[PDB]
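What follows is one structure encoded as structure tokens, with my remarks underneath.
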Amino acid sequence: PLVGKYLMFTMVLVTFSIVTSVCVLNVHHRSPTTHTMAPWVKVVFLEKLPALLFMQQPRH
Amino acid sequence: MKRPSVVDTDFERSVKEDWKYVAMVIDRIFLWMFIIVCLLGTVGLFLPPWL
């Protein structure tokens, strides 16, 4: 059934979202006393990617 | 895993962060162990029937 197929695809997406949320929670709870941020991580996530998504870190 | 070389003056916050890192390391031991077991167990349980 198309309804069953659509529900199956949604469940796959939600499992992927669970994995992604686990990764994001791991990233969020990081401090300079336990992890060191590589320069590439900086130049990507704090400069380039936010611009594409219209986020413009205040950087006050 | 390379812990950042941070010299935290407070011996009470540093010890906590030492504990917080000891907890993190223990997780990474089992994350590696369980990943291996799951893959080996699944492949070690369903591969022979297929072949």
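Residue numbering restarts at 1 for every chain of the structure tokens, chains are lettered A, B, ... in their displayed order, and ligands are numbered from 1 as they appear.
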Test item: residues at most 12 Å from residue 21 in chain B, only C-alpha atoms, excluding those fewer than 3 positions along its chain, as a list in words: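 Answer for this query is residues 30, 31, 33, 34 and 35 of chain A; 1, 2, 3, 4, 14, 15, 16, 17, 18, 24, 25, 26, 27 and 28 of chain B.
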DSSP alpha helix (DSSP H) selection over chain A, as a PyMOL selection string: chain A and resi 2-28+39-41+49-52
Residue with smallest distance to chain B - pool A:48, A:29, A:59, A:42, counting only C-alpha atoms: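 Smallest distance to chain B is found for A:29.
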Residue nearest residue 27 in chain A - candidates A:41, A:14, A:7, A:2, atoms counted: only C-alpha atoms: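 Using only C-alpha atoms, residue 27 in chain A sits closest to A:41.
Our summary of the geometry notes that CA of residue 10 in chain B is positioned 26.2 Å from CA of residue 38 in chain A.
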One-decimal distance in Å that lies between CA of residue 28 in chain A and CA of residue 40 in chain A: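 Those two atoms sit 17.5 Å apart.
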